[PDB]
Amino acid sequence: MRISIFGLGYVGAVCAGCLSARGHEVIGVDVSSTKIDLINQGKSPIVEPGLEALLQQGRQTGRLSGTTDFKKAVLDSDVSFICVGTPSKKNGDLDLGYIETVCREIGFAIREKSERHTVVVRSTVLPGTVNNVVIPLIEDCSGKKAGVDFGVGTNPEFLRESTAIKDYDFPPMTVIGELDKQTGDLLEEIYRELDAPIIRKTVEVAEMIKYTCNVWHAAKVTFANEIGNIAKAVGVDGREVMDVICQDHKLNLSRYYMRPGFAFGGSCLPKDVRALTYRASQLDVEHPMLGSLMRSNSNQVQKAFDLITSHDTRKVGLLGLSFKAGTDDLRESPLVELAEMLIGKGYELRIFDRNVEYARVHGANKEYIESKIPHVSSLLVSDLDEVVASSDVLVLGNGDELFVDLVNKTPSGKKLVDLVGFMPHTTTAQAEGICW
């Protein structure tokens, strides 16, 4: 394939060498004469193991070249990858400056070109960028329409500097953001050989996936460092602790706990976050991320409240009260806190929870249910169909399978508020998700 690459930095130079190696005709394009000079001499502009050899091979085979002539590069390629920088502005927002000039440059170049050109954004940009910045600019400068007259997609990079070539050859996955099907198919063909999944999504979803990956990496480092600081302070090797945490692939290094949804609760998570942060504090160990968990958690409870009370009706049916489905435990249940907020604000609440109902009459926590929270437990209704029929707003609070049927066959005149993830798709006028 004939490929142009705009930006020969840490990402673009790697893509040029990697694509060159795979048999494609590659034209690297940059504003820096110096970067263009080094590439044409087959030299690495950066220290990245293996890159020079690949640039070398690319020149020797005549498949790799560089230039500042963007118009010619476009003219002589079928697809252009945008790999220019997107640094922070002073305020932390992303600076689209470089993206915009390349978009203008590309737009003007396809204006005179009759063959269908394709533009793929590899540069990391915030959700909405392609739809609100890239496309309007390219369309405006070219006088042609996105998708129809030129292909447009995104293809976020997951390469780490110092292992960039291995990461390219052996990625966790390939992500493609697509508008027109043809560009998606084009990208699929380019990466077909790699031993990894090809994931095709909308452009906005692809952009959000990339950011989430990077912020997750940052969060992991921060977590380890804070745990580490606390360990040292109590006289233990933080590396030793983290080493055993990393041996658990059932809970720790798995997808469990990673579904967006509602606040956590129960008698262990909140209590242990509070104790560990309290100990850190006593030991003068700063811990901003760990110290923010309870606040974020309580914010999630408020968010649910905000959704539920936005419907101009006081009739609410809460499906689930225990902190998780399958248990009767009410200790620090967010659904109990939600219930109390609603009662406090005058809502006509009915609650369904088969486990708590059962425990109310058979078990060891009857006192707590009948005497400590009668204001909540007195609102229990044995029949699910009655909570549903008499309520205007139905909130799926925990994961009881009993609630599936309600979600897929919802009676008329109800508003669903999904805190768990039962809904097959995204928010509609009838049903809204806490994170979808």
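Each residue number is its position in the shown sequence, starting from 1.
Higher mean CA temperature factor, per the PDB entry, when comparing 406-414 with 380-388: 406-414.
For the pair 226-234 and 78-86, the record assigns the higher mean C-alpha temperature factor to 78-86. Listed residues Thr327, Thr101, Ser333, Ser162 were ranked by CA B-factor as deposited; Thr101 comes out on top. Highest C-alpha temperature factor among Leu342, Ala196, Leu290, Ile199, as the PDB entry reports it: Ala196.
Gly66: CA B factor lies in the highest third for its chain, per the PDB record.
Annotation for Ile5: C-alpha temperature factor in the middle third relative to the rest of the modelled chain, per the entry. Sort the modelled residues of the chain by CA B factor and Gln302 lands in the lowest third. Split the chain's modelled residues into thirds by C-alpha temperature factor. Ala21 is in the highest one. In this PDB entry, the Cα temperature factor of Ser142 sits in the top third of its chain's modelled residues, the highest group.
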